[PDB]
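One chain is shown next in structure tokens, namely the form deposited without the named molecule.
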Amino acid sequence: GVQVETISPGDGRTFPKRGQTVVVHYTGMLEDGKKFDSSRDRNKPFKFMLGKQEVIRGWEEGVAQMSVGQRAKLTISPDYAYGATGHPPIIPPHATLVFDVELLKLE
């Protein structure tokens, strides 16, 4: 599944719902800390629609548990990420992923 650990608190009140668009900054890392992707490096927040299945399951279910303004560490099992096949060569088979996610706003 996905484990959500707070880095810094959000408002504690505004949680995203299915169909809403979330705006986030994120960094994705493998278990040894290697970064594989980051919106901060592009200086461009990332948007996705909750429930559209346009991101991996853990990032979706994890952000659903975040409030606006929160920054959190999401640890995601491979079955909630890229599974047995992965995303070669950047994501190996059966990889647990760690994302640092900041929920900036809902649209």
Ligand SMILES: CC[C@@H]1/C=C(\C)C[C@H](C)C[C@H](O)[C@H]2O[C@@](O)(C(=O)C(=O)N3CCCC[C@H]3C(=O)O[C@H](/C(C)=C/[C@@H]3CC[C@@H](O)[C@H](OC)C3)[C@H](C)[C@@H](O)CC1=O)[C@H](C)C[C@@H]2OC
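In case it trips you up, residue 1 is the first one in the sequence shown, and so on.
Below, we refer to the form deposited with the named molecule bound, which is not included among the displayed structures.
Not displayed here, the named molecule is approached by residue 55 to within 4.5 Å at the level of heavy atoms in the entry with it bound. Contact check for residue 23: every heavy atom lies farther than 4.5 Å from the named molecule in the entry with it bound. In the entry with it bound, the named molecule sits beyond 4.5 Å of every heavy atom of residue 95. Using a 4.5 Å cutoff between non-hydrogen atoms, residue 61 does not count as a contact of the named molecule in the entry with it bound.
Interface residues of 37 to 55, taken as those with a heavy atom within 4.5 Å of the named molecule in the entry with it bound (partner not displayed): 37, 42, 46, 54, 55, in sequence order.
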